Amino acid sequence: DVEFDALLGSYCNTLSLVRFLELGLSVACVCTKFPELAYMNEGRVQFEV
Amino acid sequence: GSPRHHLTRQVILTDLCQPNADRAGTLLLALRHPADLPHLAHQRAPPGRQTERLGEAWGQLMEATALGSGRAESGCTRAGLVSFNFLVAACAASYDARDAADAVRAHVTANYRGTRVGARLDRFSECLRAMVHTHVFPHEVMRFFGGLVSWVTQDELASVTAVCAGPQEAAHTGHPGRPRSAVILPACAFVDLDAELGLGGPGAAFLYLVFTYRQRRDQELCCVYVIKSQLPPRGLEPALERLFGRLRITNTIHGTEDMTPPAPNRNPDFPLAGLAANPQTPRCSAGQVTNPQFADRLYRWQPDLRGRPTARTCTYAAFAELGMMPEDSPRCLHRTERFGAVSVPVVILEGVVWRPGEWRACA
Amino acid sequence: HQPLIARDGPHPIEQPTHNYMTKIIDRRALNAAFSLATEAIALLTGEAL
Amino acid sequence: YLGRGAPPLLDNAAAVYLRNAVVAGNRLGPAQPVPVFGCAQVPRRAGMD
Amino acid sequence: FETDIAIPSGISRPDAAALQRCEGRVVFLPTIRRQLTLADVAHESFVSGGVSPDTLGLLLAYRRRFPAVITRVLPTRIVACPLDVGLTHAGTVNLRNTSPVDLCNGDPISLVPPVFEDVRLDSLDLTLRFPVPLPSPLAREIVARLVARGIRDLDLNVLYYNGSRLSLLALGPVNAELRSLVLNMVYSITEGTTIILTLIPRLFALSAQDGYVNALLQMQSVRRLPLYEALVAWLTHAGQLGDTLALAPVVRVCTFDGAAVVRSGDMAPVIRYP
């Protein structure tokens, strides 16, 4: 009596590297980065009319 | 080089505790789920008290915690964390330095986020006035939980991050502007035993939590003390006897009430020292005992223990280890910090290394 | 491989999960008939030549 | 009867009778009696449609 | 620091899956040692005597043995670390409940022998009894309940914890399994309260709320009856049980990056006192 078992192929994924600028939503932001934020308490932005 | 510590995280409602008003480095206290509280009070209480008082006092508290925003009283997630500055200001009408005690209550009823904050303190301290009467003691219910390092804020729930074991000055805060903390305690509780015994010698010292009770008929108090001492945990029971012995004098005579003693004195002297003298006294063997024709010739003896001031009703204190200060000389400061627009008598304990422990009654 | 999104708390932190699967091969077969008869043998053999 | 905080009537041969007439046979009313301190629960339905 | 408990040869196929199901469970061993045999680990390893030990003798061995929590289970050896020396270097070791009772954060955890209601390996002819890691404030309740049960034999089974209900009765063996505890708990008290009653023969005779308090307040200020030879028969006996019924907690749970309350069958991270 002769038998065998078999692994007939094994499959994986490709995780999609999503970037934020590639989206269409990237208009609704003003993205300028900090090298520090947690060194900062309440900051403010002024507006004149 | 960071020493080994152990952080905790628990999703905790901000009903009784606030990690926003109390800054980085106050004590905390875990609680049991309060569904256990008045069932034990129905069971463990001495004879002749109002067992439903705990279920009604704790009832009125939760029911006053919302009153509005349509919010259910039972919940899956439940606040079982009482902050330390909330607990001291609860029992703040039972200290000596009352002018500093209301200076703790001055930021408790103001700096907390909430509407009609002080309506809880007239109730939650009455809940502690029902813990003692319904006799489920809070050191059977309270439990240490670590000191704060950070908080993540949302409406009525927050992410409490504490240190359950290790040195306090080791865990990162979250803001790299001020990346550690210090143990911050109000001065209405921190009572030493160094100068108060005469121990002016330098050395390493232990920190303890100490509760006090006062068992009377609806005249019941509560205190919380964080005591620094150079004493062993085995050697605290004489030193707490020296301070709070007046409360022990009250509890042993006015704590036992509504029990009915047997009237008049019925139980005679115990004659076994005299019954063993005569060889002419009647006896019994191992098969003749538990027989009605033999036991009637023995000595009848009906002990009647009623109204005895038991050990469980003569408790005046209960302590637990909390941590040590391994320094050569323990370095304490005494400053006043600004919690918003309220300035507080503040004790700053520095260099605290955490070791929790079990409780121990001083009955 | 499942991906992640970062969430604000105080909901607890979710981590990368992963998935790993096998499948059993199911096995089927077929049939067809052919039949001949008595005279069909003897013409190919030689018993009726 | 799920709620709590209303003064019951005095002759307790009747306050027991009303609860055993409305909660008895109910789609919502509790099975275990209400805790004096917490909140009653809703009995579990077998199915949801 | 991880020891090795080697499995001897000849393991059947369900039994390699049976030991695959005790992943995070508390096990007692004699001495901390880098190599150890499974026959010194099992319930057979302390059936010494002629009767297999009941719940009393289980407690005595648990203070003479050094508790270890199993890490990964390789099919050749059981890798474990003990709770006394291996946990100063490695920080936190997972632990699985067998309790009917859930764990909260910050509880200290003692251990109880399986008094409530047990992997058997018939390729190796041994049983593996395991302790019940319940929280330590219940430990001075539950054992005090079950001792109080047998005293009725010569209402009680109500227990609440964490908004739940517990039923200890769930009758046959367990009352007979807990005979030796009941016959020492009674004896120590009846020896105590007759010697105390012999030294001061008036302790039952004074008026309780009137004259007995003066007898209490004075205590607080700073042939032949073989009585003074019988303190030692009491004090050593009572001084022995003060360790066994203490049920000292080795284990405190500090939850981090997880659920607040850990349920049955789940895992809870564990540290010792540092």
Q. Around E:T3, what is the net charge, scoring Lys/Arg as +1 and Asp/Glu as -1 over all other residues with Cβ under 11 Å from its Cβ?
A. +1
Q. Most mobile of B:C91, B:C332, B:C284 per a Gaussian network model of chain B (Cα springs, under 10 Å)?
A. B:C284
Q. Of B:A21, B:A263, B:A182, which has the largest mean-square fluctuation in a 10 Å C-alpha GNM of chain B?
A. B:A263
(Q) Test of the criteria: in the stretch B:56-106, which trypsin sites (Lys or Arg not before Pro) are in a DSSP loop and have at most 11 other Cβ atoms within 10 angstrom of their Cβ? (A) B:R71
Q) Under a 5 Å amide H to amide H cut-off, with H placed in plane at 1.01 Å, what residues pair with E:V79 once short-range neighbours are removed? A) E:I5, E:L74
Q. Within the stretch B:298-360, which trypsin sites (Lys or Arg not before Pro) sit in a loop by DSSP and count at most 14 neighbouring Cβ atoms inside 10 Å?
A. B:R300, B:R306, B:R331
Q) In the neighborhood of E:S52, defined by Cβ-to-Cβ distances under 12 Å, what is the net charge if each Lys or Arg adds +1 and each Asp or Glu adds -1? A) -2
Q: Answer with one residue from E:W234, E:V222, E:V261: the one whose Cα lies farthest towards the positive end of the charge dipole of the stretch E:208-274, charges on Cβ with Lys, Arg +1 and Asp, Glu -1.
A: E:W234
Q: For the stretch C:21-34, just list the computed ³J(HN,Hα) in residue order, Karplus coefficients 6.51, -1.76 and 1.60, θ = phi - 60°, integers in Hz, with x standing in for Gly and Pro.
A: 9, 10, 9, 7, 7, 8, 10, 10, 8, 9, 8, 6, 10, 9
Q) So, in Å, what gap is there between the alpha-carbon centers of the stretch B:321-349 and the stretch E:86-138? A) 40
Q) So who's got an amide H within less than 5 Å of the one on B:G147, skipping anything under 5 residues away but keeping other chains? H placed 1.01 Å off N, in plane. A) B:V163
Q: Could you list C:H11, B:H135 in order of exposure, starting from the residue whose Cβ has the fewest other Cβ atoms within 10 Å?
A: C:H11, B:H135
(Q) Please report the net charge: other residues with Cβ closer than 13 Å to the Cβ of B:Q215, K and R +1, D and E -1. (A) +3
Q) Which of the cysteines found in chain B have nothing to pair with, since no other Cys Cβ lies under 4.7 Å from theirs? A) B:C17, B:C76, B:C127, B:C188, B:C223, B:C284, B:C314, B:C332, B:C362
Q: For B:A320, enumerate residues with amide H under 5 Å from its amide H, sequence gap 5+ or separate chain, H modeled in the peptide plane.
A: B:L209
Q | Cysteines in chain E that, by Cβ-Cβ distance, have no pairing candidate under 4.7 Å | A | E:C22, E:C81, E:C104
Q. Between the DSSP loop rule and a limit of at most 12 other Cβ atoms within 10 Å, which chymotrypsin sites (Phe, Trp or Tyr not before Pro) in the stretch B:201-300 are left?
A. B:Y299
Q. Taking neighbour Cβ counts within 10 Å as the exposure measure, how do D:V36, A:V49 sort from fewest upward?
A. A:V49, D:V36
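Mean residue ellipticity at 222 nm from the helices of the protein assembly as shown, using -39,500 (n - 2.57) per DSSP H segment of n ≥ 4 over the full residue count, to the nearest 500 deg cm²/dmol?
One gets -7000 deg cm²/dmol as the mean residue ellipticity at 222 nm.
We did not get these values from a lab; they are worked out from the coordinates using the rules stated. Every residue, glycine among them, receives a Cβ derived from its backbone with ideal geometry; neighbour counts consider all protein chains shown.
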